[PDB]
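S.K.: One structure is given below, represented as structure tokens, and several questions about it will come after.
Values quoted throughout were computed directly from the atomic coordinates according to the rules given, and no laboratory measurement underlies them. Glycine also receives a Cβ, built like all others from the backbone with ideal geometry; neighbour counts cover every protein chain displayed.
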Amino acid sequence: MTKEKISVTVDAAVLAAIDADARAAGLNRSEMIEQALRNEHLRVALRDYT
Amino acid sequence: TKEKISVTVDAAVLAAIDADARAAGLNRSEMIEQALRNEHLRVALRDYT
Amino acid sequence: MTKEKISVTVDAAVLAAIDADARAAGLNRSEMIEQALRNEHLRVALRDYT
Amino acid sequence: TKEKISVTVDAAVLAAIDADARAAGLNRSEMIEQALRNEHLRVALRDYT
Amino acid sequence: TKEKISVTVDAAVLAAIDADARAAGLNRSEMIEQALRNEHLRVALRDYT
Amino acid sequence: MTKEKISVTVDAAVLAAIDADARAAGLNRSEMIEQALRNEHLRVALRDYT
Amino acid sequence: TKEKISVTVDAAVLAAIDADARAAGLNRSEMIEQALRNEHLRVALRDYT
Amino acid sequence: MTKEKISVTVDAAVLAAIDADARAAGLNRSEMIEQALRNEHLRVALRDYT
């Protein structure tokens, strides 16, 4: 299960909110971002491929 | 206003998100922002009670 | 609704079978291949992103 | 035994399949073959009766 | 020109005909048409006289 | 001896001819189609598996 | 032609299948037959090898 | 984790096929039927609720 290190630019309020959610969930930032991306991919797949 | 950050993410998930971004006419940063804004809502979904 | 023309190499028996399914469905080859690809993407999303 | 063919497919679907192929360690032709083999089974799924 | 019909046939025979169709690059309806056209000839085979 | 009910599309002249054969043989349509399919499977087996 | 059998199945799955049957105008046995016929196709789905 | 014992009537050829799949998968009959029912519920949900 390999990983890539990437640089991204994100709205400061969006970032602060998901950082607060990461803390509540006991996740670090990269772990909560991965979770968000996995769920968003599923959102898009269910919307566009059903 | 916008912050540049460095994160480490699963390579397969990143390739999938890059393809979803292309379909949407977005770049990677925009698609990641879409995901993070929606995830703040999804983590609040609950079972009763 | 943009499309791309591509060249692909496919097993002849696999191709003949899905061409027969396309004929039964009233689809041309490209339409049936598109259907197969959409459904396969959903297969992979449900397997790996749930 | 293998046939080279030309087909025209939705660009968003192709990008999604390319990313699924990368995740699987496959090239485009192999992932397309996976999809076509499986679709021959899926079209036979039915409701009763 | 072509007629859509419902028929009830032995399940083992149907599975065999489906596999013969696949081998021939045909779908079920085409293989059934092959069989029905040929059976019109076979029923006319005779012993002397 | 289980059976399956199926929908198929057949050339009208081919169907009319085998219906006329069914009547001559005292068979209903499904019985004559089953006979045709059994004999065709044997045709293919003798051609391809001997 | 049809066999009567006794099986033990998760109660939540059974309730879900009962509701799907009602939606389809089927009884439990018919919806279970739909599922078993389709599952014989699904277990044959594969990744490229 | 609770289970229910039920009686059902199933086409003999359908049953024989899924019994053969159960053997190939190392499952008993009830385990393979449960798998079939879970996957069929998902089939119906994705078809009707997306």
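S.K.: Just for the range F:5-44: of the residues that are aliphatic (A, V, I, L, M) and more than 25 Å from C:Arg23 (Cα to Cα), which one is surrounded by the most Cβ atoms within 10 Å (Cβ to Cβ)?
M.R.: Within the range F:5-44, the match that is surrounded by the most Cβ atoms within 10 Å (Cβ to Cβ) is F:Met32.
S.K.: Continuing with this model, one more query. Which numbered condition trips up H:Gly26, out of (1) touching a strand residue (DSSP E or B) at 6+ places or on another chain (Cβ under 7 Å); (2) at positive phi?
M.R.: Going through (1) touching a strand residue (DSSP E or B) at 6+ places or on another chain (Cβ under 7 Å); (2) at positive phi one by one, H:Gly26 breaks only (1).
S.K.: Moving on to the next point. Going through C:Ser7, C:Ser30 one at a time, which residue ends up being facing chain D (nearest Cβ under 7 Å) and either part of a strand (DSSP E or B) or among the aromatic types (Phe, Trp, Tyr) (or both)?
M.R.: C:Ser7
S.K.: How about the range B:18-27: which of its residues are farther than 13 Å from A:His41 by Cβ and facing chain A (nearest Cβ under 10 Å)?
M.R.: Hit for the range B:18-27 is B:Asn27, nothing else.
S.K.: Let me ask you something else. State all residues of the range E:10-49 that are among the aliphatic types (A, V, I, L, M) and in contact with a strand residue (DSSP E or B) (Cβ under 6 Å, 6 or more places away or on another chain); if no residue qualifies, say none.
M.R.: E:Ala11, E:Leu14, E:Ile32
S.K.: Taking the conditions exactly as written (among the polar types (S, T, N, Q), closer than 22 Å to H:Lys3 by Cα, over 12 Å from the mean Cα position of the chain (by Cα) and surrounded by fewer than 20 Cβ atoms within 10 Å (Cβ to Cβ)), does G:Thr8 satisfy them or not?
M.R.: Here the answer is yes, as G:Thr8 does meet what is asked.
S.K.: Shifting gears a bit: Which residues, counting only those in the range H:33-42, are facing chain G (nearest Cβ under 7 Å) and more than 15 Å from G:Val7 (Cβ to Cβ)?
M.R.: Result: H:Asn39, H:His41.
S.K.: Let me ask something else. Restricting to the range A:10-27, count the residues that are more than 25 Å from C:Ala45 (Cα to Cα) and either at the interface with another protein chain (Cβ under 7 Å from one of its Cβ atoms) or touching a helix residue (DSSP H, G or I) at 6+ places or on another chain (Cβ under 7 Å) (or both).
M.R.: 7
S.K.: Is the range D:17-35 home to any residue that is surrounded by fewer than 18 Cβ atoms within 10 Å (Cβ to Cβ) and of a type in the set (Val, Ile, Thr)?
M.R.: Within the range D:17-35 (the criterion being surrounded by fewer than 18 Cβ atoms within 10 Å (Cβ to Cβ) and of a type in the set (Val, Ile, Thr)), the answer is no, since none of the residues qualifies.
S.K.: Conditions first: (1) in contact with a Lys or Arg (Cβ under 8 Å, 6 or more places away or on another chain); (2) free of Cβ contacts under 8 Å to residues at least 12 places away in the same chain. D:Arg22 passes all but one, so which condition is the exception?
M.R.: Unmet for D:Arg22, out of (1) in contact with a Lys or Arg (Cβ under 8 Å, 6 or more places away or on another chain); (2) free of Cβ contacts under 8 Å to residues at least 12 places away in the same chain: (1).
S.K.: Might you let me know whether the range A:10-17 holds any residue that is under 21 Å from B:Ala15 (Cα atoms) and assigned to a strand (DSSP E or B)?
M.R.: Within the range A:10-17 (the criterion being under 21 Å from B:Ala15 (Cα atoms) and assigned to a strand (DSSP E or B)), the answer is yes, since at least one residue qualifies.
S.K.: Can you tell which of B:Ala35, B:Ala11, B:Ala15 is of a type outside the set (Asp, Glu), in contact with a helix residue (DSSP H, G or I) (Cβ under 7 Å, 6 or more places away or on another chain) and over 20 Å from A:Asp21 (Cβ atoms)?
M.R.: B:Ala15
S.K.: May I ask you to verify whether E:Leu45 is within 16 Å of F:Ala22 (Cα to Cα) and either loosely packed, with under 15 Cβ neighbours inside 10 Å or more than 7 Å from every other protein chain (Cβ to nearest Cβ) (or both)?
M.R.: yes
S.K.: Sticking with this one: Go through the residues of the range G:6-17 one by one and say whether even a single one is under 26 Å from D:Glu39 (Cα atoms), at the interface with another protein chain (Cβ under 7 Å from one of its Cβ atoms) and not in a helix (DSSP H, G or I).
M.R.: no
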